[PDB]
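Enquirer: Below: one structure in structure tokens.
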Amino acid sequence: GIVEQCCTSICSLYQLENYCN
Amino acid sequence: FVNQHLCXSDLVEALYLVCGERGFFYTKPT
């Protein structure tokens, strides 16, 4: 749910840069 | 950083600045 906790809530850029791929 | 609110338009806009040409591809279906 990268979009869930991020769109339906808040998240951390750290886990966001983990998608660099 | 600011509240990490990302929704499609921002989701990609985020990985875009967070990753950029590094190659970012968020999910959606899974």
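In the structure tokens, chains take letters A, B, ... by order of appearance, with residues numbered from 1 within each chain and ligands from 1 in the order shown.
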Pull out every residue of chain A sitting within 7 Å of chain B, counting only C-alpha atoms, and send them as a ChimeraX atom specification.

Expert: /A:2-3,6-7,9-12,16-17,19-21

Enquirer: Generate the output file for the selected residues, N, CA and C atoms, as a short mmCIF file (atom, residue, chain, number, x, y, z; two decimals), in the first residue's frame.

Expert:
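Here's the written file again35.cif:
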data_model
loop_
_atom_site.label_atom_id
_atom_site.label_comp_id
_atom_site.auth_asym_id
_atom_site.auth_seq_id
_atom_site.Cartn_x
_atom_site.Cartn_y
_atom_site.Cartn_z
N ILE A 2 1.86 1.34 -0.69
CA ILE A 2 2.65 2.60 -0.73
C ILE A 2 1.71 3.79 -0.95
N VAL A 3 0.69 3.61 -1.73
CA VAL A 3 -0.26 4.72 -1.99
C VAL A 3 -1.24 4.86 -0.82
N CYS A 6 0.26 6.52 2.25
CA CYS A 6 0.74 7.81 1.69
C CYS A 6 -0.44 8.65 1.24
N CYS A 7 -1.31 8.09 0.45
CA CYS A 7 -2.48 8.86 -0.04
C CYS A 7 -3.59 8.84 1.02
N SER A 9 -3.21 8.38 3.96
CA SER A 9 -2.59 8.74 5.27
C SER A 9 -1.24 9.42 5.02
N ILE A 10 -0.33 9.31 5.96
CA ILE A 10 1.00 9.95 5.78
C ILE A 10 2.08 8.87 5.82
N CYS A 11 3.19 9.08 5.16
CA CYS A 11 4.27 8.06 5.17
C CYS A 11 5.63 8.75 5.28
N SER A 12 6.69 8.01 5.10
CA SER A 12 8.05 8.62 5.20
C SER A 12 8.75 8.55 3.84
N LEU A 16 9.72 5.77 0.61
CA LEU A 16 9.38 6.22 -0.76
C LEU A 16 10.60 6.08 -1.66
N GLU A 17 11.77 6.41 -1.17
CA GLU A 17 12.98 6.27 -2.03
C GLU A 17 13.32 4.79 -2.15
N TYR A 19 11.45 2.72 -3.31
CA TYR A 19 10.77 2.26 -4.55
C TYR A 19 11.64 2.62 -5.76
N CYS A 20 12.75 3.28 -5.53
CA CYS A 20 13.63 3.66 -6.67
C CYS A 20 14.01 2.40 -7.46
N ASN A 21 13.18 2.01 -8.39
CA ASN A 21 13.49 0.79 -9.19
C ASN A 21 12.39 0.59 -10.24
#

Enquirer: Enumerate as a PyMOL selection string all residues of chain A assigned to alpha helix (DSSP H) by DSSP on the backbone, naming them with the chain letters and numbers the document uses.

Expert: chain A and resi 13-17
